[PDB]
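Worksheet: the structure to be examined is printed underneath.
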Amino acid sequence: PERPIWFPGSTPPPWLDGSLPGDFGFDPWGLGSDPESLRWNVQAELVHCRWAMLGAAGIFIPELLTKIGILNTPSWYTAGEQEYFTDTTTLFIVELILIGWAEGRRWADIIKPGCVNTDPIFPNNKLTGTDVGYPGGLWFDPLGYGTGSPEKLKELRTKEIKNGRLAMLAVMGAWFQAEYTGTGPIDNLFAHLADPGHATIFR
Amino acid sequence: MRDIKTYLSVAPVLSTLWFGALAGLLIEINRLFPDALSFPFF
Amino acid sequence: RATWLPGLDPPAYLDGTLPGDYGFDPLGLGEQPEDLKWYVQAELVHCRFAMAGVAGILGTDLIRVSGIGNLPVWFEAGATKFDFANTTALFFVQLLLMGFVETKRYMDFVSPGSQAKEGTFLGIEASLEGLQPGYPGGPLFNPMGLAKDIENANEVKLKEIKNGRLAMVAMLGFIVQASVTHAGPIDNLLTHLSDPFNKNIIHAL
Amino acid sequence: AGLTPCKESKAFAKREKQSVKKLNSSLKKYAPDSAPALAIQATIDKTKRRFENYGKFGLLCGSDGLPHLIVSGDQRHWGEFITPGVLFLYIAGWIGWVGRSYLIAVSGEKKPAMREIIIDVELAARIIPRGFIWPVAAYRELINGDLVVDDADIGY
Ligand code: CLA
Ligand code: CLA
Ligand SMILES: CC(/C=C/C=C(C)/C=C/[C@@]12O[C@]1(C)C[C@@H](O)CC2(C)C)=C\C=C\C=C(C)\C=C\C=C(C)\C=C\[C@@]12O[C@]1(C)C[C@@H](O)CC2(C)C
Ligand SMILES: CC(/C=C/C=C(C)/C=C/[C@@]12O[C@]1(C)C[C@@H](O)CC2(C)C)=C\C=C\C=C(C)\C=C\C=C(C)\C=C\[C@@]12O[C@]1(C)C[C@@H](O)CC2(C)C
Ligand SMILES: CC1=C[C@H](O)CC(C)(C)[C@H]1/C=C/C(C)=C/C=C/C(C)=C/C=C/C=C(C)/C=C/C=C(C)/C=C/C1=C(C)C[C@H](O)CC1(C)C
Ligand SMILES: CC1=C(/C=C/C(C)=C/C=C/C(C)=C\C=C\C=C(C)\C=C\C=C(C)\C=C\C2=C(C)CCCC2(C)C)C(C)(C)CCC1
């Protein structure tokens with residue numbers, strides 16, 4: 062209730078009550094006004110939090126380490142065009158299959174919780190998670206780290222979304238910067254460090 | 001949220017969405033296989 | 045119950061007595077008994093023709109390429125000729141006996157057992173029924189009478205189903221494979237095994 | 080019926096010659112590299128490959144240099160009418176068979192009026208693929224005698 066709100070002193074929507082991790086009462090348009098869409102959208106925000114987190118790691122870390130002389134990674138922007146040990150198309154096809162397997166099973170768990178967590182081949186490999194979107198198990202919790210008391214996971218999960226939100230902005234940061242500036246993200250950092258009051262969007 | 005989906009499901013709104021998709025599909029096919037006076041596959 | 049789609053529940057009518065009941069009929073194609081009862085045989089007759097059919101396509105091209113024997117491609121077999129075989133008459137001939145055997149099977153499902161009480165002698169006993177519509181084993185159709193009709197029928201038919209279901213798919217492969225590659229099926233395998241990441245349907249197009 | 084093949088008809092190869100010359104007439108007025116000169120050139124190639132495909136797939140041309148269709152069923156020409164025709168009839172039933180399933184599906188409700196002006200999208204999604212196998216499904220209905228009714232027509 063008295064949890065911090067995005068807009069202090071405003072009245073948060075009723076369907077947001079602070080239970081979920083990262084609920085700062087932010088939903089002006091009420092996309093999660095009804096419970097069901099909220100449930101789906103919770104997943105939507107969750108996975109988007111993880112992909113960008115790798116993408117932020119995928120863009121910034123190599124470009125940083127190649128800006129200094131340690132490695133050779135090219136720009137993420139033209140990363141797709143590069144020619145690797147085979148054609149791009151088949152790798153994308155191979156990516157279509159394998160991801161579709163996890164994006165298939167994950168789909169089953171979403172529409173029907175708890176009906177997917179046992180290994181189809183070696184049935185003693187059952188997964189341990191109970192919350193939808195938190196698979197648990199030895200593959201995805203090699204030491205646990207998710208099986209704890211509340212007010213800790215709520216802290217931890219909020220430490221998972223609040224970072225993910227930080228990623229999704231950053232990668233779209235690297236997105237638009239590469240388009241209307243001619244260089245990588247780190248250059249856009251440095252040219253902003255030499256003359257902070259001059260070198261900005263306003264060139 | 002429910003009321004928005006219901007409105008989007010009323011007949012006229014589906015029609016433009018459905019036909020619009022249909023128009024896009026036919027235009028694409030004619031862009032890739034133009035003139036198309038016969039069906040010369042078999 | 046280990047359906048085809050782990051999360052999805054199987055439909056209510058595919059209870060499971062039919063061998064190979066992997067709860068799979070999405071389009072609502074079997075929600076009437078008389079429908080479903082007549083559909084099972086189709087899968088049984090199709091699969092059996094599709095089990096031998098692939099082997100005839102497969103084995104013949106395998107022996108020819110290696111060099112043990114020589115035969116035309118199954119694609120090229122339709123125009124083959126040796127002697128005294130007008131493709132006209134053969135069609136009529138094959139239509140005759142197949143017409144004979146197909147119908148008497150059809151009369152069996154239409155009327156069980158109304159096929160082995162007649163005048164013509166010496167054979168009026170075996171062609172009664174196998175006691176299971178799609179399995180007409182008799183002491184002529186199972187000359188090595190080696191069935192108990194109940195127990196293995198759950199555990200052995202399930203082999204013949206999953207055998208056939210695979211075989212029907214495989215034949216569909218060659219038809220499309222020959223339709224695009226213009227070549228033999230093993231040739232398709234031999235070509236792809238050469239450079240798999242460059243010999244693929246993406247390159248075939 | 081005397082329709083010579085288009086790959087042979089000199090009249091066909093005349094129409095191809097004029098329409099190319101007519102376009103090349105409209106081209107020698109712009110810059111040799113401006114946007115109009117490219118769009119004109121694009122249509123020029125599209126034309127030549129149009130005529131070639133008509134002189135390749137066995138279309139028969141009359142004395143007008145124009146293709147003529149043989150819809151008589153001579154299976155030397157199956158892709159002109161018969162093959163596209165069967166392609167339509169497959170589609171047309173799919174539209175027909177799906178729509179029938181829906182009306183029957185929503186028929187048993189409190190007021191079928193509301194579920195047709197406000198279409199149920201989910202129910203129409205689990206029915207949209209059942210039109211993939213309409214020839215099989217319908218032909219069984221006809222045999223089983225549920226494709227039609229007999230003398231109970233209005234009301235119920
Ligand atoms: C983590 C987010 C993040 C960060 C650190 C930066 C940082 C920077 N951006 Mg950038 N950007 C971002 C997101 C971000 N951006 C997003 C989401 C977009 C898409 C709209 C852009 C689009 C963009 C363009 C088109 C340009 C920059 C440029 C720059 C540099 C100079 C600042 C400027 O003029 O842009 C001002 C930035 C904006 C108008 C968009 C910022 C949008 C974010 C979401 C606002 C909130 C930032 C966030 C709260 C900061 C977190 C605090 C702390 C962690 C630092 C600077 C290094 C410029 C450059 O190259 O300088 C030479 C430039 O031309 N950015
Ligand atoms: C499911 C849709 C459907 C079906 C199966 C039929 C079936 C039939 N109609 Mg028909 N009809 C329909 C809709 C339909 N109608 C609608 C919406 C109209 C108003 C324009 C008509 C107007 C109409 C006339 C005027 C005539 C028929 C006739 C006939 C019969 C002969 C077929 C024919 O001539 O087609 C006629 C085809 C049309 C007129 C084309 C319009 C049909 C549209 C394009 C289909 C609509 C499908 C629906 C919107 C999709 C629902 C999807 C769902 C998932 C939401 C046949 C019983 C004829 C008859 O009596 O013959 C015995 C006849 O004279 N109908
Ligand atoms: C920002 C974003 C979504 C933002 C959503 C917003 C703001 C919505 C806000 C609202 O809805 C709420 C909250 C409440 C409503 O009442 C109000 C509004 C305001 C309407 C998603 C980004 C999501 C960003 C993602 C998922 C980034 C993924 C990165 C990936 C996949 C990896 C890519 C790479 O592989 C390539 C492409 C090339 C390699 O070289 C490099 C790497 C980086 C490795
Ligand atoms: C019979 C068959 C093939 C038999 C082959 C034969 C005789 C080959 C003969 C020859 O080679 C030889 C021997 C020698 C050559 O010299 C001569 C020829 C003639 C060349 C294949 C069947 C092939 C049949 C196939 C592949 C059928 C596939 C059906 C599918 C996938 C349907 C799925 C669904 O219906 C369900 C299951 C449930 C629904 O709810 C959902 C949907 C999807 C609608
Ligand atoms: C924009 C821009 C622009 C300019 O140009 C420049 C700049 C400024 C630089 C930029 C910025 C950026 C940013 C902000 C970024 C951020 C990022 C992030 C956050 C990431 C994360 C990210 C995140 C991440 C990775 C995460 C990760 C995680 C992990 C791995 C985990 C793991 C695990 C698990 C499962 C569990 C188990 O039991 C154990 C473990 C093993 C532990
Ligand atoms: C071969 C040919 C030809 C001819 C043709 C003809 C002559 C035909 C006839 C036809 C006819 C004479 C027909 C009749 C019919 C009748 C009826 C009676 C029908 C019915 C149908 C129905 C009933 C259907 C229904 C349905 C379905 C199934 C699908 C859709 C939906 C519905 C429900 C509608 C020509 C020369 C052109 C050309 C060449 C080819």
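Protein sequence lines correspond, in order, to chains 2, J, 5 and F.
Per the entry's author numbering, residue 62 is the first one in the first sequence, and the count goes up by one each step.
Per the entry's author numbering, residue 1 is the first one in the second sequence, and the count goes up by one each step.
Per the entry's author numbering, residue 45 is the first one in the third sequence, and the count goes up by one each step.
Per the entry's author numbering, residue 80 is the first one in the fourth sequence, and the count goes up by one each step.
For each residue, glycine too, the CB sits at the ideal point set by N, CA and C.
Check your understanding: Taking 8 angstroms as the CB-CB limit, is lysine 125 (chain F) close to chain J?
Key -> As a working mapping, residue 125 (chain F) is identified with position 46 in the fourth sequence. Cβ-Cβ to chain J under 8 angstroms: yes for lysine 125 (chain F).
**Study point:** Under 9 angstroms from the C-beta of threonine 134 (chain 2): neighbouring residues of chain 5
**Key:** Taking the first residue of the first sequence as 1, we reach residue 134 (chain 2) at position 73. By Cβ distance, chain 5 contributes nothing, its closest Cβ being about 24 angstroms from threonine 134 (chain 2), past 9 angstroms.
Practice item. Using beta-carbon positions only, say whether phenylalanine 85 (chain 2) and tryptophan 67 (chain 2) come within less than 8 angstroms of one another. Key: For this step, residue 85 (chain 2) is matched to residue 24 along the first sequence. For this step, residue 67 (chain 2) is matched to residue 6 along the first sequence. Result yes, Cβ atoms of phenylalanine 85 (chain 2) and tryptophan 67 (chain 2) sit closer than 8 angstroms.
Practice item. Just jot down, in chain order, the residues whose CB lies closer than 5 angstroms to any heavy atom of ligand 4. Key: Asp69 (chain 5), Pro70 (chain 5), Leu71 (chain 5), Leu73 (chain 5), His90 (chain 5), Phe93 (chain 5), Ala94 (chain 5), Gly97 (chain 5), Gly100 (chain 5), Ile101 (chain 5), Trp118 (chain 5), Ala121 (chain 5), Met212 (chain 5), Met215 (chain 5) and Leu216 (chain 5)
Check your understanding: Which residues are close to ligand 1, meaning CB closer than 6 angstroms to any heavy atom, in chain order?
Key -> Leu230 (chain 2), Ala231 (chain 2), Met233 (chain 2), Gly234 (chain 2), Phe237 (chain 2), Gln238 (chain 2), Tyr241 (chain 2), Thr242 (chain 2), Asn249 (chain 2), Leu250 (chain 2), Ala252 (chain 2), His253 (chain 2), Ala260 (chain 2), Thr261 (chain 2) and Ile262 (chain 2)
Review point. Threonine 16 (chain J) versus chain F: which residues are under 9 angstroms apart at the beta carbon?
Key: As a first step, residue 16 (chain J) must be located in the second sequence, where it is residue number 16. Going along chain F, no residue has its Cβ under 9 angstroms from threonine 16 (chain J), so there is no contact; the nearest lies around 13 angstroms.
Review point. At a CB-CB cut-off below 7 angstroms, which residues of chain J make contact with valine 200 (chain F)?
Key: Taking the first residue of the fourth sequence as position 1, residue 200 (chain F) is located at position 121. Chain J residues near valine 200 (chain F): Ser9.
Exercise for review: Indicate the three-state DSSP secondary structure (helix, strand or coil) for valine 10 (chain J) in the structure shown.
Suggested key: The residue given as residue 10 (chain J) occupies position 10 in the second sequence. DSSP places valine 10 (chain J) in strand when its eight states are reduced to three.
Check your understanding: How would you write the range of the alpha helix (DSSP H) that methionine 151 (chain 5) sits in, first residue to last?
Key -> The residue you call residue 151 (chain 5) lines up with position 107 of the third sequence. 131-154 is the extent of the alpha helix (DSSP H) around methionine 151 (chain 5).
Exercise for review: Just tell me which of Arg128 (chain F), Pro208 (chain F) and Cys140 (chain F) has its CA closest to the CA of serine 88 (chain F).
Suggested key: Residue mapping note: residue 88 (chain F) aligns to position 9 of the fourth sequence, counting from 1. If we check each option's Cα against that of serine 88 (chain F), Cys140 (chain F) comes out closest.
Review point. The alpha helix (DSSP H) spanning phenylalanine 251 (chain 2) covers which residue range?
Key: Taking the first sequence and counting its residues from 1, the one referred to as residue 251 (chain 2) is at position 190. Element bounds for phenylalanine 251 (chain 2): 246-255.
Practice item. Give, in chain order, every residue of the stretch 47-60 of chain 5 whose Cβ lies closer than 7 angstroms to some Cβ of chain 2. Key: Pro50 and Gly51
Exercise for review: Report the residue from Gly81 (chain F), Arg194 (chain F) and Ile161 (chain F) whose alpha carbon sits nearest the alpha carbon of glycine 152 (chain F).
Suggested key: Walking along the fourth sequence from the start, residue 152 (chain F) turns up at place 73. Measuring from the Cα of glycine 152 (chain F), the nearest candidate turns out to be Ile161 (chain F).
Check your understanding: Any contact of the stretch 126-146 of chain 2 with the stretch 154-165 of chain 2, i.e. 3+ C-beta pairs under 8 angstroms?
Key -> no
Check your understanding: How many Å lie between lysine 161 (chain 5) and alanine 214 (chain 5) at the Cα?
Key -> The residue you call residue 161 (chain 5) lines up with position 117 of the third sequence. The residue you call residue 214 (chain 5) lines up with position 170 of the third sequence. In a straight line, the C-alpha of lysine 161 (chain 5) is about 40 angstroms away from that of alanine 214 (chain 5).
Check your understanding: Is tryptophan 101 (chain 2) near ligand 3, going by C-beta to nearest heavy atom under 7 angstroms?
Key -> Here residue 101 (chain 2) refers to the residue found at position 40 when the first sequence is read from its first residue. Incorrect: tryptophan 101 (chain 2) has no Cβ contact closer than 7 angstroms to ligand 3.
Practice item. Per DSSP, which residues does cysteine 140 (chain F) bridge with? Please list them. Key: As a working note, residue 140 (chain F) is residue 61 in the fourth sequence. Partner(s): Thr83 (chain F) and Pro146 (chain F).
Point to revise | Under 8 angstroms from the C-beta of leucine 138 (chain F): neighbouring residues of chain J | key: For the purposes of this step, residue 138 (chain F) is taken as the residue at position 59 of the fourth sequence. Under the 8 angstroms cutoff, chain J gives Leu37 and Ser38.
Exercise for review: Can you have a look at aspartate 170 (chain 2) and say buried or exposed, based on whether 16 or more other CB atoms are within 10 angstroms of its CB?
Suggested key: Residue mapping note: residue 170 (chain 2) aligns to position 109 of the first sequence, counting from 1. Buried, since its Cβ has 16 or more Cβ neighbours within 10 Å.
Review point. CB of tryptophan 90 (chain 2) to nearest heavy atom of ligand 3: below 7 angstroms?
Key: As a first step, residue 90 (chain 2) is located in the first sequence; it is residue number 29 there, counting from the start. The answer is yes for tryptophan 90 (chain 2).
**Study point:** C-beta neighbour in chain 2 for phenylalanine 241 (chain 5), strict 8 angstroms
**Key:** Along the third sequence, one-based indexing puts residue 241 (chain 5) at 197. Judged by the 8 angstroms Cβ criterion, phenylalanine 241 (chain 5) is in contact with chain 2.
Exercise for review: Just grab the DSSP bridge partners of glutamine 176 (chain 5) for me.
Suggested key: Residue numbering aside, residue 176 (chain 5) sits at position 132 when the third sequence is read from its first letter. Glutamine 176 (chain 5) pairs with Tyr179 (chain 5).
Exercise for review: Anything in the stretch 147-162 of chain F with a Cβ closer than 8 angstroms to a Cβ of chain J? List those residues in chain order, please.
Suggested key: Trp157, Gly158, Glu159 and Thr162
Practice item. Note down the Cα distance separating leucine 37 (chain J) from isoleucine 247 (chain 2), rounded to an integer number of angstroms. Key: Counted from its first residue, the second sequence places residue 37 (chain J) at position 37. Counted from its first residue, the first sequence places residue 247 (chain 2) at position 186. Whole-angstrom Cα-Cα distance: 56 angstroms.
Review point. Distance, Cα to Cα, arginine 111 (chain 2) vs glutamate 221 (chain 2)?
Key: Taking the first sequence and counting its residues from 1, one reaches residue 111 (chain 2) at position 50. Taking the first sequence and counting its residues from 1, one reaches residue 221 (chain 2) at position 160. Each residue's alpha carbon lies about 8 angstroms from the other.
Review point. Looking only at C-alpha atoms, which of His90 (chain 5), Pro77 (chain 5) and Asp53 (chain 5) sits nearest to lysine 206 (chain 5)?
Key: For the purposes of this step, residue 206 (chain 5) is taken as the residue at position 162 of the third sequence. Of the candidates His90 (chain 5), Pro77 (chain 5) and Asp53 (chain 5), the one whose C-alpha sits nearest the C-alpha of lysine 206 (chain 5) is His90 (chain 5).
Exercise for review: Check whether the Cβ atoms of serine 98 (chain F) and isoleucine 119 (chain F) lie closer than 8 angstroms to each other.
Suggested key: In the fourth sequence, residue 98 (chain F) corresponds to position 19, counting from 1. In the fourth sequence, residue 119 (chain F) corresponds to position 40, counting from 1. Going by C-beta atoms, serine 98 (chain F) is not nearer than 8 angstroms to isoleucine 119 (chain F).
Check your understanding: Would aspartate 229 (chain F) be called buried (16 or more neighbouring beta carbons within 10 Å of its own) or exposed?
Key -> Numbered from 1 along the fourth sequence, position 150 holds the residue referred to as residue 229 (chain F). Answer is exposed; the Cβ neighbour count stays below 16.
**Study point:** Quiz: which residues have CB nearer than 7 angstroms to ligand 2 non-hydrogen atoms
**Key:** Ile174 (chain F), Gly175 (chain F), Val177 (chain F), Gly178 (chain F), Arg179 (chain F), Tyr181 (chain F), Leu182 (chain F), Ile198 (chain F), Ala203 (chain F), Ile206 (chain F) and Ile207 (chain F)
Point to revise | chain F within 8 angstroms of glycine 208 (chain 5), Cβ atoms only | key: Within the third sequence, numbered from 1, the residue matching residue 208 (chain 5) stands at position 164. Not one chain F Cβ lies under 8 angstroms of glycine 208 (chain 5).
Check your understanding: For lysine 215 (chain 2) versus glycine 51 (chain 5), is the C-beta spacing smaller than 8 angstroms?
Key -> Locating residue 215 (chain 2) in the first sequence gives position 154, counting from the first residue. Locating residue 51 (chain 5) in the third sequence gives position 7, counting from the first residue. Not a contact, by the Cβ cut-off of 8 angstroms.
Review point. Any residues in the stretch 159-176 of chain 2 with a beta carbon nearer than 8 angstroms to a beta carbon of chain 5? Which ones, in chain order?
Key: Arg166, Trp168, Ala169, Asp170, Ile172, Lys173 and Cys176
Exercise for review: Work out the CA separation of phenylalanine 121 (chain 2) and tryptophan 236 (chain 2) for me, nearest whole Å.
Suggested key: The count along the first sequence starts at 1 and reaches residue 236 (chain 2) at position 175. The count along the first sequence starts at 1 and reaches residue 121 (chain 2) at position 60. So the two alpha carbons sit approximately 11 angstroms from each other.
Check your understanding: Going along chain 5 in order, which residues have a C-beta closer than 9 angstroms to the C-beta of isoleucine 212 (chain F)?
Key -> In the fourth sequence, counting from the first residue as 1, residue 212 (chain F) sits at position 133. Those are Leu71 and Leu73, listed as they occur along chain 5.
Practice item. Out of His236 (chain 5), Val220 (chain 5) and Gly208 (chain 5), state which residue places its alpha-carbon closest to the alpha-carbon of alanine 94 (chain 5). Key: Locating residue 94 (chain 5) in the third sequence gives position 50, where the first residue counts as 1. Nearest option by C-alpha distance: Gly208 (chain 5).
Exercise for review: List the whole-angstrom C-beta distance separating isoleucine 101 (chain 5) from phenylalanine 218 (chain 5), where the pair is believed to meet the contact cut-off of C-beta under 8 angstroms.
Suggested key: Stepping through the third sequence from its first residue, residue 101 (chain 5) is reached at position 57. Stepping through the third sequence from its first residue, residue 218 (chain 5) is reached at position 174. With a Cβ gap of about 6 angstroms, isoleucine 101 (chain 5) and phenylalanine 218 (chain 5) count as contacting.
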